[PDB]
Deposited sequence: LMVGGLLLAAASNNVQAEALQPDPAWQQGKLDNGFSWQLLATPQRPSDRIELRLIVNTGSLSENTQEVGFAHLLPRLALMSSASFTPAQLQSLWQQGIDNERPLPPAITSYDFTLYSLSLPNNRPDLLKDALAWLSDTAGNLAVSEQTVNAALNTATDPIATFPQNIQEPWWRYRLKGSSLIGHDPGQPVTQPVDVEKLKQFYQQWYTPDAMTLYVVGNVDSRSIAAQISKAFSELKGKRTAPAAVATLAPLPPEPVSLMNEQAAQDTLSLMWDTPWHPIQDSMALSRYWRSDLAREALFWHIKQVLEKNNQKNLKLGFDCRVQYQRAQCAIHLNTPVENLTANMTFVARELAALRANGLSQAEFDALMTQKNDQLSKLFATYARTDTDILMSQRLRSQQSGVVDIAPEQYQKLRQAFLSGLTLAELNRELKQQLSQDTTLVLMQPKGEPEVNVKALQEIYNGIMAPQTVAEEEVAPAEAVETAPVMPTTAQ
């Protein structure tokens, strides 16, 4: 017995449900078998770490063009077979385009019916044709440029948004719009060289979610993709944004019905490495949720003329963006902004009441109790999008039993004082006012609006 009287956190566990492997050429794959979704569609995603940032000025639009070629013709397919695949390759809801191209990636997507081994074979053949034997010729390029529509999407979905144009300023993404048309006539030889340079197996990951046979599909993936050649000499491009400037701004927008004033915060994102970071993230997230929740409730009890409120957070380009959106006619803007700003001032100073906190925590405890019920009811495409979001944005995916344990301990440990301090800290960082106006609406003086706002927040 040691004579003393008055004298760590566990490692986070990656979710072992996600089986992973690497082929000898560096091709990566990840598989989530879903026997709880035995009849749901099989989702396949091929991410290639090649986007518009890979393009020099003689290659503008090349990354966006390549996937359209893959829809004109594919080496393993007759026209009839290619059409048959794609007629049966789109999800029943939240359908995805065949490919999405962006600054630092291209994403190919197929959604197959359940219990169709033939279509799984075809899907893998289409994806391997695309990955290593893309049909790049004068004939396919001409055909692609003469389509009535553009089946290839971008991320962000609308690069032309005045908000996006503003947000892009000071970044490395300028002059690399991912959906730009190619310069014609196309140097087909240069296009093929670009494809061979940048479509290398070490820059690819295949993801599969569904009630599949994990033993046979691993073997099929190896046989489909192990012959790909090439290696990147440098790390793949990573798209990064500059910090959001602090100044208020008005942006005219041609699709807006009415104004949206956004109260925004933008900060560097630090991926969660350990349990302590996880807890800090959850405290911050819950404060954000609490505030939105509280304002929504106050609004339901105290109607404000023509106000609709929105709230969201995203992690993208290594930045965390959290926004409160006030959708309002311009005639009601100052009143509606004042309504929200007075809530923020009160929450900054005093936070939640104990009763409000206890309500919140009952609700969060309820949601946690529903964890596995929610999971069982989750469509394979949602499982897939969650995984890609985790992977692309660096937001950690942990074993669900560990999640349940750590989240329970977070909720049971959290005090009013702690949540209110987090609220105070968050709201003590100045917001950034971003006003979107409809085209044709007289410009609002956002400096004046900022002064009014500053008055309330004093």
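Please list, in sequence order, every stretch of the deposited sequence that lacks C-alpha coordinates. Going by the record, the segments left unmodelled (no C-alpha atoms) fall at 8-15, 467-492.
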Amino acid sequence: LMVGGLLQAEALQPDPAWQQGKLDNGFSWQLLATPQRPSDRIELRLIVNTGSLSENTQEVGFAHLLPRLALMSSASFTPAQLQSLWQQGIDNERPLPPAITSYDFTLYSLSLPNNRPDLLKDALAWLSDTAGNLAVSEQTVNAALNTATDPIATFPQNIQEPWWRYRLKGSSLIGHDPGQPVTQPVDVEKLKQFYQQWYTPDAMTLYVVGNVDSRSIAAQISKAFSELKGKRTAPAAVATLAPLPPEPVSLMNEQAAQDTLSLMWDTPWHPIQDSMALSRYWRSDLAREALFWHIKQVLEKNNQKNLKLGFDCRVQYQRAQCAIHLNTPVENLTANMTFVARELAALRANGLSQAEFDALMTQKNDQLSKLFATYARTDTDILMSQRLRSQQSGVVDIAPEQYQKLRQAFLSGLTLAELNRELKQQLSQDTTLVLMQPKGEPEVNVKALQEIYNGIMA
From here on, numbers count along this sequence of modelled residues.
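Decide which of the stretches 286-294 and 106-114 has the higher mean C-alpha B-factor, going by the entry. Stretch with the greater average CA B-factor: 286-294.
Would you tell me which stretch averages the higher CA B-factor in the PDB entry, 203-211 or 249-257? In the deposited entry, the stretch with the higher C-alpha B-factor mean is 249-257.
Going by the CA temperature factor in the entry, name the top one among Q87, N332, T183, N133. Highest CA B-factor of the listed options: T183.
Out of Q197, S262, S226, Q304, which residue has the highest Cα temperature factor in the PDB record? Highest CA B-factor of the listed options: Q304.
Lowest, middle or highest third: which one holds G413 when the chain's residues are ordered by CA B-factor from the entry? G413: CA B-factor falls in the middle third of its chain.
Assigned third (lowest, middle, highest) for the C-alpha B factor of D397: CA B-factor rank for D397: middle third.
C-alpha B factor of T378, ranked within the chain: lowest, middle or highest third? Answer is lowest: the recorded C-alpha B-factor places it there.
Rank-wise, by C-alpha B-factor, drop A11 into the lowest, middle or highest third of its chain. Middle third by C-alpha B-factor.
Which third, lowest, middle or highest, does the C-alpha temperature factor of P98 belong to within its own chain? Its C-alpha B-factor belongs to the lowest third of this chain's values.
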